[PDB]
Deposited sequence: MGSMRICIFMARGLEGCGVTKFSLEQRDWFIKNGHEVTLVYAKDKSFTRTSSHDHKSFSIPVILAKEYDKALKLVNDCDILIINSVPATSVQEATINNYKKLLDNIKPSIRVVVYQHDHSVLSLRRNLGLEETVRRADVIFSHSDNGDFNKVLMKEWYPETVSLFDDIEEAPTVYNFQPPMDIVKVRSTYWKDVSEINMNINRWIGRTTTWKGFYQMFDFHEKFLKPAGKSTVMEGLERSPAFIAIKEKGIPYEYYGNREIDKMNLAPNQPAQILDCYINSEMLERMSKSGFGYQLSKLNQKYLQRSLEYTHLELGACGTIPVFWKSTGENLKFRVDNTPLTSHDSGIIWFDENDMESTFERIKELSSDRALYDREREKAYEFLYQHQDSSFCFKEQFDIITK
């Protein structure tokens, strides 16, 4: 096949999280493969993390609620329209109304591709127009065959077509490495860095646990990145938990020294973090996702850890519930390097951390296999090729 013009549409806005990251990585790949790519997003709703990713140079903001004409032209200008998000249940009638409008005036030639990115129904039920989007769509992707998308909504709308293929949010792992990788001689093995967001399932509570019980009592330092301000702290606070908060402006005032509680950081720049991470001894990404929602998809923050040369420390459960991209075997059942964080036998998890904190050689060996495991499981070189073939089939 030849070259096609792809329009990557984010109708929910640019949230600066997985959906933004995915859109971006998706952009870089079509481009890297000889394809014209525009990236449109609804500016109608504004988001906190609108600067975590570098995109202000090519993203094309539009305001459904007024610039309908502008939007209508953009979307109708391509061979493939990829929809990664839809308006949120908080936008004004105009916005949503005009978005439903766009779905009706797409040249029937164009090939609409919907990517459902959320898992739980609590999330899906916060969308507006998702049905008009799915109906008009020609190809549909989701994270799990057993997720609330394929199982709940999909059968709701269609009491009985169409085929919802599977996908994994790819990342050009090779590139992040050749940009942030470091020499083990430069990695403070004492810095334990967790990244995610103030959402119970990303597993920030457990990080706190693992610090007050093993990390801190060993002279180690813990930095928890990405916890936006939220009432969820109300809980954290008088739940009896010490920590120190830093605005992304106070990042240089963190106490990365011993016998110090959890150093927090509300929001961050992908790149800035990767850098910080690359010189970190152990990154922790502890999403404890429900098994109904897991299949082949690791989150971007899983990919970034192994990507920049730090020992990945993911949630044991998740590794058990995810199947490798090649042989389709469990993740936990591989010599990846991945220190599987054991919520129960934590002590055991801490032992493997100390075993590598002192053996620099072992380290490199563990992170090399980890880099390669993940690279093999969900790198953009494979995942987008697997998807593109589905779309163009």
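In sequence order, the deposited residues that have no C-alpha coordinates form a single range, 161-170.
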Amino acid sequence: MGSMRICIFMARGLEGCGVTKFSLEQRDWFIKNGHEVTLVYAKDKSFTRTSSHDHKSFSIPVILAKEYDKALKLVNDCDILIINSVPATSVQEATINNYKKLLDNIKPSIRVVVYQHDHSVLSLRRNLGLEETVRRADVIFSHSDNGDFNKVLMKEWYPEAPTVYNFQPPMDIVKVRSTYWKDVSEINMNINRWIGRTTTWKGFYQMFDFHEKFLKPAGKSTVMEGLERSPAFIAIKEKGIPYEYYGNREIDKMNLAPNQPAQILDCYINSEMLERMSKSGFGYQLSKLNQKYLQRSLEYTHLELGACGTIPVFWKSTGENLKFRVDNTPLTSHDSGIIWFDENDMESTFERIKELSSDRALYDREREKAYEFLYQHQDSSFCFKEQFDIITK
From here on, numbers count along this sequence of modelled residues.
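Only the largest set of C-alpha atoms that superpose within 1.5 Å between the two forms is called the rigid core.
Greater average departure of CA atoms from the shown form, over structures and residues in 4 other deposited structures of this protein after a core fit, characterises 225-233 among 196-204 and 225-233. Between 239-247 and 100-108, the larger root mean square Cα shift in 4 other deposited structures of this protein, once each structure is superposed on the rigid core, falls on 239-247. In at least a third of the other compared PDB entries of this protein that cover both flanking sides, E160 is left without coordinates. When the mean C-alpha temperature factors of 298-306 and 185-193 are read from the deposited coordinates, 185-193 comes out higher. According to the PDB record, 359-367 carries the higher mean C-alpha B-factor of the two stretches 334-342 and 359-367. Each of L130, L289, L227, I311 has a CA temperature factor in the record; the biggest one is found at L289. Set against one another, the Cα B-factors of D148, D138, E272, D118 in the record reach their highest point at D148. Sort the chain's modelled residues by C-alpha temperature factor and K101 lands in the middle third, per the entry. Split the chain's modelled residues into thirds by C-alpha temperature factor. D379 is in the middle one.
Ranked within its chain, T318 lands in the lowest third, by CA B factor from the PDB record. The entry lists a Cα temperature factor for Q26 that places it in the lowest third of the chain's modelled residues. Annotation for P170: CA B-factor lies in the lowest third of the chain's modelled residues.
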